Amino acid sequence: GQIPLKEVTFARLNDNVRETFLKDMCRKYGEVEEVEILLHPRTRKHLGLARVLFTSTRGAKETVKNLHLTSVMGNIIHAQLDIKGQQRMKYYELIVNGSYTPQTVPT
């Protein structure tokens with residue numbers, strides 16, 4: 001990467017996986033600085049999307065290694081490194097404006 005890859009984008013999160021769960025879970029894999037869940041602009045419901053910022057690139061990479069395609073609360077997580085929420089924002093747009101749901105967004 002051309003800059004430090006410290007941030008992970010999650011998609012297809014079960015709607016019970018909110019900020020406290022995310023932080024507790026991701027602390028197993030690296031030191032977590034911040035967690036954020038994205039909500040629908042109108043309903044304020046969970047889009048299955050989240051941002052988790054780590055202190056080190058090692059924490060972001062370990063998180064991706066261990067959680068991508070892992071089932072958490074009965075849904076298979078998508079987890080990838082993301083710069084400036086490029087992919088995360090596309091997924092937001094596809095679910096909110098497009099025809100997709102949180103569990104069917106194409107990644």
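Excluded from the calculations below are hydrogen atoms, water molecules and symmetry mates; all remaining heavy atoms, backbone and side chain alike, are included. Here, residue 1 is the first one in the sequence, and each next residue gets the next number.
The distance from atom NE2 of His78 to atom CG of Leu49, rounded to the nearest 0.5 Å, is 9.5 Å. The CD atom of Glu93 sits 11.5 Å away from atom CG of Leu47, with the distance rounded to the nearest 0.5 Å. To the nearest 0.5 Å, the span separating CZ on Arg58 from NZ on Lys65 amounts to 10.0 Å.
Side-chain atoms of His46 come within 3.5 Å of backbone atoms of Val17 as a donor-acceptor pair (strictly under, hydrogens ignored). Between the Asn14 side chain and the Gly74 main chain, no donor and acceptor come within less than 3.5 Å of each other. At distances below 3.5 Å, not a single donor-acceptor pair connects side-chain atoms of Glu33 with backbone N or O atoms of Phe54.
Among all heavy-atom pairs drawn from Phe10 and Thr63, the shortest one is CZ-CG2, 3.9 Å. What you find for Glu62 and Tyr29 is that their closest heavy atoms are CB-O, 3.5 Å. Minimum interatomic distance between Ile77 and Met25 (heavy atoms only, all atoms of both residues): CD1-CE, 4.4 Å. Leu81 and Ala60 get closest at one heavy-atom pair: CD2-CB, 3.7 Å. When all heavy atoms are compared, the tightest approach of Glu19 to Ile37 is N-CD1, 3.7 Å. When all heavy atoms of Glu36 and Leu38 are compared, the closest pair comes out as OE2-CD2, 3.5 Å.
At a threshold of 4.5 Å between side-chain heavy atoms, the hydrophobic network of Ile, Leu, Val, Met, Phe, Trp and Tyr places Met73 and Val52 in one connected group. When the side chains of ILVMFWY residues are joined at heavy-atom separations under 4.5 Å, either directly or via intervening members, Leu13 and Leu39 end up in a single hydrophobic cluster. Hydrophobic clustering keeps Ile76 apart from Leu67 (ILVMFWY residues linked when any side-chain heavy atoms are closer than 4.5 Å, directly or through intermediates).
Taking the side chain as every heavy atom from C-beta outward, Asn75 and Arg12 never approach each other to under 4.5 Å.
A salt bridge is defined here as a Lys NZ or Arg NE, NH1 or NH2 lying under 4.0 Å from an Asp or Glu carboxylate O, and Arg88 with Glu7 meets this definition.
The closest side-chain donor-acceptor pair between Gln80 and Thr9, if any, does not fall under 3.5 angstrom.
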